[PDB]
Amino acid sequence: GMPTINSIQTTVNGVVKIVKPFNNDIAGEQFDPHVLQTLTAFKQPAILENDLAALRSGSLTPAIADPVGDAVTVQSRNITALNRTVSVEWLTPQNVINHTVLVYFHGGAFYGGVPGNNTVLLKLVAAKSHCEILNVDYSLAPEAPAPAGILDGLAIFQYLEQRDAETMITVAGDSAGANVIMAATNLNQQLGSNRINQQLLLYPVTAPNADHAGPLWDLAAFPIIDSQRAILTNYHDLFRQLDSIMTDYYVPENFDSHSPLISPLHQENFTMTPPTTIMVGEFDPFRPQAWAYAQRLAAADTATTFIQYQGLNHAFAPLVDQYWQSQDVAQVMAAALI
């Protein structure tokens, strides 16, 4: 049972902006109470240690309650293209429609995470939209740093395009997975493929290791009530630390994080970029760079929708058994596919 929320839709700089409050009494500037109860640790500041294994040990989401069950089949398979073998968690709903497929890259700061972290979210989407979904186990840094994950995405696309000449691909992902999928999409387009007709981006990293004293990383953009301000500061500060650490893992010495294929925000042209829906929390430290990305698309005359979830932080979407806003994301995506 989901709430009846009065969202606010405006158009800012060509971007369709949809702001969804966490309830009908509070319009912004505080955490959703469900979220807040998870942030207790952020009463104190955190020092991110910077070792691979410790970082990875926090990137495993325990099984999310699964209401879909047998109505969607989840199986592993390997696909091969461009001399790359990439493992995918393949989701198949009942009564599959053709010529629409969703490719999804999980988050995990380029070095971690597992596709299982968002299986249940994707089962919701496949069940509603009757579309098959590729939940991809893409290459991870630093063992397989950039552009390994990108090339995996390219192989997946080639595979899909050669399998069927009529199937339309929607690319999606959360956080750093979205970043990688966006680059792969760019690369796919620069080779002449037009089969990717849509991006669904959940709080994407669009500018890894951006200036932490610049406007993309400025706490002044996150007004919040006094009692939650220390928590917000420490929370934002943790991600500031992560942003540096993760980009170091992702980018090898020969490459640079400010390049277009590492930072989609810095692409020189956005005219080939497909129609895009971005979903992100009010208090996600990556929110500003997501918004900057959206503005860039709209200015290039690409249809762009930016849904902001008030009171929400980073990485919330797969937690469909915790937040109505997660179920909402599931709905938005499904709707985008049918």
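Numbers follow the displayed sequence, beginning with 1.
J.: Output the stretch having the higher mean C-alpha B factor in the entry; the candidates are 52 to 60 and 27 to 35.
T.: Comparing 52 to 60 with 27 to 35, the higher average CA B-factor belongs to 27 to 35.
J.: Output the stretch having the higher mean C-alpha B factor in the entry; the candidates are 197 to 205 and 260 to 268.
T.: That would be 260 to 268.
J.: Please work out which residue in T80, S227, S175, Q241 has the highest C-alpha B-factor recorded for this crystal structure.
T.: Among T80, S227, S175, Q241, the PDB entry lists the largest C-alpha B-factor for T80.
J.: Quiz for you: based on the deposited Cα B-factor, which of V280, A303, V68, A292 is highest?
T.: Result of the comparison over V280, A303, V68, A292: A303.
J.: Once the chain's modelled residues are ordered by C-alpha B factor and cut into thirds, is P93 in the lowest, middle or highest one?
T.: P93: CA B-factor falls in the highest third of its chain.
J.: Which third of the chain does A317 land in by C-alpha B-factor: lowest, middle or highest?
T.: For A317, the deposited C-alpha B-factor lands in the lowest third.
J.: Based on the entry's values, in what third of the chain does the Cα temperature factor of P285 lie: lowest, middle or highest?
T.: Bottom third by C-alpha B-factor.
J.: With respect to C-alpha B-factor, does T85 fall in the lowest, middle or highest third of the chain as deposited?
T.: Ranked within chain, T85 CA B lands in the highest tercile.
J.: Could you say whether, by C-alpha temperature factor, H99 belongs to the lowest, middle or highest third of its chain?
T.: Highest third - that is where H99 ends up once the chain's C-alpha B-factors are sorted.
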